[PDB]
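Chemist: One structure, as structure tokens, below. Some questions next.
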Amino acid sequence: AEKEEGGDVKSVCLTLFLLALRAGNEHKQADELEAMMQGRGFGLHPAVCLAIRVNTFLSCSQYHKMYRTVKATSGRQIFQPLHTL
DNA sequence: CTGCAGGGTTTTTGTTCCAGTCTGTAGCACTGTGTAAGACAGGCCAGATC
């Protein structure tokens with residue numbers, strides 16, 4: 001980092017993973033690593049979520065079911081709650 | 001000092017191919033929603049005329 005890139009370790013270390021992983025890999029790798037510091041989501045805009053709802057034919061209780069489930073596990077809730085829809 | 005020509009430079013950006021590994025799509029034969037009445041013709045028995 002010192003010889004060629006002055007010494008900014010954060011930028012160096014984050015980049016390191018990609019080639020070792022992506023040498024023989026996933027897709028998952030592109031994703032987990034792509035989430036990082038920039039981003040994000042944050043929240044899927046309520047309109048997009050709404051689209052997913054009425055276009056995949058999700059019942060309000062079924063949808064809310066999904067919301068609760070995705071939110072409790074690893075959440076980081078993605079979907080927007082009912083009242084905002 | 002300037003102007004641009006045409007070279008130096010590193011550093012993008014991509015290049016050809018062979019093992020594969022993942023991922024999204026087309027190929028499959030094939031499905032869902034059209035859903036109830038009347039009109040016209042002919043026969044013929046009933047039933048009223050008279």
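Starting from 1 in every chain, residues are counted up; chains themselves are A, B, ... following the order of the structure tokens, and ligands are numbered from 1 as listed.
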Just the residues within 10 Å of residue B:22, please, counting only C-alpha atoms (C1' of nucleotides), with nothing from its chain fewer than 5 positions along; format it as a ChimeraX atom specification.
Modeler: /A:25-27
Chemist: Output C-alpha atoms of each residue in that selection to a file, as a PDB file, in the first residue's frame.
Modeler:
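File written: selection_5.pdb
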ATOM      1  CA  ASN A  25     -16.362 -19.070  -7.593  1.00  0.00           C
ATOM      2  CA  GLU A  26     -19.961 -18.181  -6.934  1.00  0.00           C
ATOM      3  CA  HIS A  27     -22.199 -15.176  -7.817  1.00  0.00           C
TER       4      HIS A  27
END
Chemist: Could you list the residues in chain B lying within 12 Å of chain A, using only C-alpha atoms (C1' of nucleotides), and format the result as a ChimeraX atom specification?
Modeler: /B:20-23
Chemist: Would you write out those residues with C-alpha atoms (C1' of nucleotides), as a PDB file, in the first residue's frame?
Modeler:
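Written file, again-v5.pdb:
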ATOM      1  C1'  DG B  20     -14.802 -26.512 -16.629  1.00  0.00           C
ATOM      2  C1'  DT B  21     -18.949 -23.807 -12.879  1.00  0.00           C
ATOM      3  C1'  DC B  22     -22.848 -21.043 -12.280  1.00  0.00           C
ATOM      4  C1'  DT B  23     -27.457 -18.874 -14.288  1.00  0.00           C
TER       5       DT B  23
END
Chemist: Write out as a list in words each polymer residue whose atoms come within 12 Å of residue A:81, counting only C-alpha atoms (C1' of nucleotides); drop sequence neighbours fewer than 5 positions from it.
Modeler: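 My reading of the contact set: residues 43, 44, 45, 46, 47, 49, 50, 53, 60, 61, 63, 64, 65, 66, 67, 68, 70 and 71 of chain A.
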Chemist: Could you write out that same residue set with N, CA, C and O atoms as a tab-separated table (two decimals), in the first residue's frame?
Modeler:
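Output file part16.tsv follows:
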chain	number	residue	atom	x	y	z
A	43	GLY	N	-34.20	0.79	2.12
A	43	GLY	CA	-35.50	0.18	1.85
A	43	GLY	C	-35.89	0.17	0.38
A	43	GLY	O	-35.60	1.12	-0.36
A	44	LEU	N	-36.47	-0.94	-0.07
A	44	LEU	CA	-36.94	-1.02	-1.46
A	44	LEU	C	-38.00	0.04	-1.49
A	44	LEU	O	-38.76	0.17	-0.52
A	45	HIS	N	-38.04	0.83	-2.55
A	45	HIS	CA	-38.97	1.93	-2.56
A	45	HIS	C	-40.36	1.29	-2.45
A	45	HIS	O	-40.60	0.24	-3.04
A	46	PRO	N	-41.27	1.90	-1.66
A	46	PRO	CA	-42.59	1.32	-1.38
A	46	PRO	C	-43.41	1.01	-2.64
A	46	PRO	O	-44.22	0.08	-2.64
A	47	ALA	N	-43.21	1.80	-3.70
A	47	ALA	CA	-43.89	1.58	-4.97
A	47	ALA	C	-43.48	0.24	-5.63
A	47	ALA	O	-44.33	-0.51	-6.09
A	49	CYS	N	-42.11	-2.41	-4.13
A	49	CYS	CA	-42.68	-3.43	-3.26
A	49	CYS	C	-44.15	-3.67	-3.53
A	49	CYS	O	-44.62	-4.82	-3.59
A	50	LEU	N	-44.89	-2.58	-3.69
A	50	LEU	CA	-46.31	-2.63	-3.97
A	50	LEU	C	-46.56	-3.39	-5.28
A	50	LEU	O	-47.47	-4.22	-5.38
A	53	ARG	N	-46.24	-6.91	-4.90
A	53	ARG	CA	-47.39	-7.44	-4.19
A	53	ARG	C	-48.53	-7.70	-5.15
A	53	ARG	O	-48.98	-8.84	-5.29
A	60	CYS	N	-52.65	-9.67	1.52
A	60	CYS	CA	-52.10	-8.76	2.52
A	60	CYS	C	-51.53	-9.50	3.72
A	60	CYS	O	-50.46	-9.15	4.21
A	61	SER	N	-52.25	-10.50	4.19
A	61	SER	CA	-51.81	-11.30	5.32
A	61	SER	C	-50.64	-12.20	4.91
A	61	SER	O	-49.72	-12.42	5.69
A	63	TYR	N	-48.54	-11.44	2.45
A	63	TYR	CA	-47.45	-10.50	2.26
A	63	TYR	C	-46.81	-10.14	3.58
A	63	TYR	O	-45.61	-10.29	3.76
A	64	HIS	N	-47.62	-9.64	4.50
A	64	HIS	CA	-47.20	-9.31	5.85
A	64	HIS	C	-46.47	-10.48	6.51
A	64	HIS	O	-45.50	-10.28	7.25
A	65	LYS	N	-46.96	-11.69	6.25
A	65	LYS	CA	-46.27	-12.91	6.66
A	65	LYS	C	-44.84	-12.90	6.18
A	65	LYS	O	-43.89	-13.00	6.97
A	66	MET	N	-44.69	-12.74	4.87
A	66	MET	CA	-43.36	-12.67	4.26
A	66	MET	C	-42.48	-11.57	4.88
A	66	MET	O	-41.32	-11.80	5.18
A	67	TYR	N	-43.07	-10.39	5.05
A	67	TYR	CA	-42.39	-9.24	5.64
A	67	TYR	C	-41.82	-9.56	7.01
A	67	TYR	O	-40.63	-9.36	7.26
A	68	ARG	N	-42.69	-10.06	7.88
A	68	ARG	CA	-42.28	-10.46	9.22
A	68	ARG	C	-41.14	-11.47	9.16
A	68	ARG	O	-40.14	-11.34	9.88
A	70	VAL	N	-38.90	-12.28	6.65
A	70	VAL	CA	-37.63	-11.78	6.09
A	70	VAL	C	-36.99	-10.76	7.05
A	70	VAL	O	-35.77	-10.61	7.08
A	71	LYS	N	-37.83	-10.06	7.81
A	71	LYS	CA	-37.35	-9.04	8.75
A	71	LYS	C	-36.71	-9.64	10.00
A	71	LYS	O	-35.68	-9.15	10.46
Chemist: Report, in Å to a single decimal, how far apart atom CA of residue A:48 and atom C1' of residue B:33 are.
Modeler: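 Distance reported for this atom pair: 28.3 Å.
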